[PDB]
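Q:
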Amino acid sequence: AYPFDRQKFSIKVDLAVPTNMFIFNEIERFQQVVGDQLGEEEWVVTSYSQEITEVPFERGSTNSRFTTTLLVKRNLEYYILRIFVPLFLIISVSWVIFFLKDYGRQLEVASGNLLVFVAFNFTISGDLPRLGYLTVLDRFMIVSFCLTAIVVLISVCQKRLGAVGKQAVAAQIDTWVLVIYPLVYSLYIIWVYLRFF
Amino acid sequence: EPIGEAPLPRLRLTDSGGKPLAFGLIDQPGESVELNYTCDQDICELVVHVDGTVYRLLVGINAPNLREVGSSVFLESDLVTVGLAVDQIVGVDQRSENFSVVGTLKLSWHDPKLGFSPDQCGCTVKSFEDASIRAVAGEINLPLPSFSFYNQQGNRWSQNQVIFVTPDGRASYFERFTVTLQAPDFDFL
Numbered sequence: 440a441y442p443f444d445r446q447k448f449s450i451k452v453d454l455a456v457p458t459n460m461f462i463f464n465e466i467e468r469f470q471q472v473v474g475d476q477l478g479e480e481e482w483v484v485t486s487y488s489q490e491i492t493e494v495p496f497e498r499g500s501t502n503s504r505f506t507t508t509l510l511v512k513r514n515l516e517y518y519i520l521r522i523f524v525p526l527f528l529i530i531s532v533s534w535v536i537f538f539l540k541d542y543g544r545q546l547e548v549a550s551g552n553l554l555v556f557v558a559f560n561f562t563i564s565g566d567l568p569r570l571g572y573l574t575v576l577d578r579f580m581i582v583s584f585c586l587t588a589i590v591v592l593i594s595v596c597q598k599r600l601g602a603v604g605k606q607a608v609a610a611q612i613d614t615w616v617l618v619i620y621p622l623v624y625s626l627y628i629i630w631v632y633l634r635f636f
Numbered sequence: 237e238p239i240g241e242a243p244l245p246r247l248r249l250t251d252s253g254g255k256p257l258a259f260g261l262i263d264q265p266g267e268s269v270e271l272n273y274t275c276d277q278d279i280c281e282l283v284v285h286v287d288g289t299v300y301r302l303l304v305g306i307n308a309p310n311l312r313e319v320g321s322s323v324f325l326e327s328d329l330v331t332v333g334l335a336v337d338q339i340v341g342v343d344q345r346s347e348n349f350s351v352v353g354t355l356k357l358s359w360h361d362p363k364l365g366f367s368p369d370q371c372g373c374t375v376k377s378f379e380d381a382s383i384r385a386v387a388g389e390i391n392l393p394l395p396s397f398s399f400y401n402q403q404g405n406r407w408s409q410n411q412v413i414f415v416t417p418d419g420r421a422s423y424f425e426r427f428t429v430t431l432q433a434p435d436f437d438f439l
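Those protein sequences? They're chains A and B, same order as listed.
If you're matching positions, the first sequence starts at 440 in the authors' numbering and goes up one per residue.
All letters in the second sequence, in the order written, are residues 237 to 289, 299 to 313, 319 to 439 by the authors' numbering.
#1: What are the start and end residues of the alpha helix (DSSP H) that includes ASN552 of chain A?
#2: Pick out whichever of A:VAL595, A:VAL575 and A:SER503 has its Cα sitting closest to the Cα of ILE628 of chain A.
#3: Specify the secondary structure class of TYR620 of chain A as computed by DSSP and reduced to three states.
#4: Going by DSSP, which residues form a beta bridge with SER422 of chain B?
#5: Does DSSP put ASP613 of chain A in a helix, a strand or coil?
#6: For the alpha helix (DSSP H) containing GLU379 of chain B, list its first residue and its last residue.
#7: If the cut is a Cβ gap below 9 Å, which residues of chain B does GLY565 of chain A touch?
#8: Determine, for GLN476 of chain A, whether the minimum Cβ-Cβ distance to residues of chain B falls below 7 Å.
#9: Thinking C-alpha only, which one of A:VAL535, A:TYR572 and A:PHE584 is nearest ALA558 of chain A?
#10: Can you look up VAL595 of chain A in the DSSP assignment and give me helix, strand or coil?
#11: Below 7 Å CB to CB, which residues in the same chain sit around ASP380 of chain B once its five sequence neighbours on both sides are set aside?
#12: If I follow the unbroken alpha helix (DSSP H) through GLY341 of chain B, where does it start and stop?
#13: To the nearest angstrom, report how far apart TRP630 of chain A and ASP437 of chain B are at their CA atoms.
#14: Taking C-beta pairs closer than 7 Å, name the residues in chain A that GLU379 of chain B reaches, listed in chain order.
#15: Measure the Cβ-Cβ separation of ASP361 of chain B and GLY419 of chain B and say whether it is below 7 Å.
#16: Consider the Cβ of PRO265 of chain B: report whether some Cβ of chain A lies at a distance smaller than 7 Å.
#17: Under 6 Å Cβ to Cβ from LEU392 of chain B, same chain only, skipping five residues before and after it: list those, please.
#18: Return the CA-CA distance between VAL386 of chain B and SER486 of chain A, expressed in angstroms with no decimal places.
#19: What does the alpha-carbon distance come out to for the pair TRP359 of chain B and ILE413 of chain B?
#20: At which residues does the beta strand (DSSP E) containing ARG248 of chain B begin and terminate?
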């Protein structure tokens with residue numbers, strides 16, 4: 440669900456001697472479990488818990504264990520400002536230039552957007568492990584990658600198609616890409632609303 | 237005798253080990269308490285308990310007609331003097347909110363124990379360093395202060411430790427360190 444996820448952190452304390460020699464009995468809080476100031480503004484703690492269990496070892500020996508868990512959430516002020524604002528602006532303008540009937544310029548802007556996105560692809564991957572599956576931010580960028588390499592196909596088809604003289608197809612098909620582009624992204628967002636909220 | 241409008245607290249004189257020796261019996265006036273004891277042993281180490289689980302308390306020695319800050323003190327000492335100085339600021343790390351300093355520390359106090367005549371060594375000041383300091387007091391079994399940098403992250407590289415002892419009892423402890431601390435009041439607004 441990155442970057443809309445709430446992971447949990449554990450601290451496990453374990454005994455190095457068997458059960459018959461020692462065990463843990465009770466949990467006593469001589470101090471506040473979570474101090475008021477901790478630093479790390481990116482993560483915020485909402486709860487905590489403490490418990491004691493018994494884990495097995497060797498063949499016939501068990502030892503005590505004592506677990507502390509913290510539940511955290513991610514702030515979204517950084518991500519909304521470095522990624523979501525620059526990406527919304529570049530997509531919007533690449534759709535508003537479509538009003539101008541200067542063809543080929545439609546290709547030129549769409550070609551440049553192909554170059555920009557592969558930069559935004561390496562940036563986001565900079566601070567994540569070499570994951571084995573798909574996040575949310577990775578799906579959004581795959582959609583925009585595939586969609587923008589389709590408008591260049593239309594622009595290269597429109598350019599040649601207008602040389603013969605059949606501008607009626609060119610003008611009529613021009614308005615078609617004027618509605619598909621802003622409709623699709625809204626469709627994709629709806630598919631994300633249900634799976635997380 | 238309370239300063240004013242303060243309830244009378246409990247008092248009790250015991251032994252330093254913990255056994256009790258005497259107790260205080262109040263009078264009708266209620267504005268003061270009385271406790272009396274006279275030793276008959278070879279060593280008399282006394283402790284005054286004041287229980288309330299501001300107020301004024303008077304303590305005397307051989308003071309008949311004590312009614313109506320003497321020549322000398324009459325209580326022991328465990329008061330520690332401190333001092334710190336900053337020599338360098340190695341770095342500042344904005345993104346992780348910490349910084350490092352190189353400084354020096356001075357702890358000094360008074361103890362009637364650990365004294366020594368100038369005949370045992372022929373000298374006037376004794377010196378210990380490094381980890382031999384842990385190899386002194388345990389045999390004598392006398393309590394030493396132990397500090398701690400509260401907001402330190404990681405390790406503290408201290409390159410010198412030394413304590414100088416003067417026969418009457420004064421001990422001065424110096425230390426030179428390099429530590430990384432946490433700054434939680436960073437406000438970037």
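Virtual Cβ for every residue (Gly too), placed ideally from N, Cα, C.
A: In brief:
#1: 544 to 563
#2: A:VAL575
#3: helix
#4: B:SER358 and B:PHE414
#5: helix
#6: Careful: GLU379 of chain B lies outside any alpha helix (DSSP H), inside the beta strand (DSSP E) at 376 to 379.
#7: Residues of chain B passing the Cβ test: none, with the nearest at roughly 15 Å.
#8: yes
#9: A:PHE584
#10: helix
#11: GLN411
#12: Run containing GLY341 of chain B: none in the alpha helix (DSSP H); it sits in the beta strand (DSSP E), 334 to 343.
#13: 39 Å
#14: Result: empty, since nearest Cβ-Cβ is about 35 Å, beyond 7 Å.
#15: yes
#16: no
#17: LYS363
#18: 48 Å
#19: 11 Å
#20: 246 to 251
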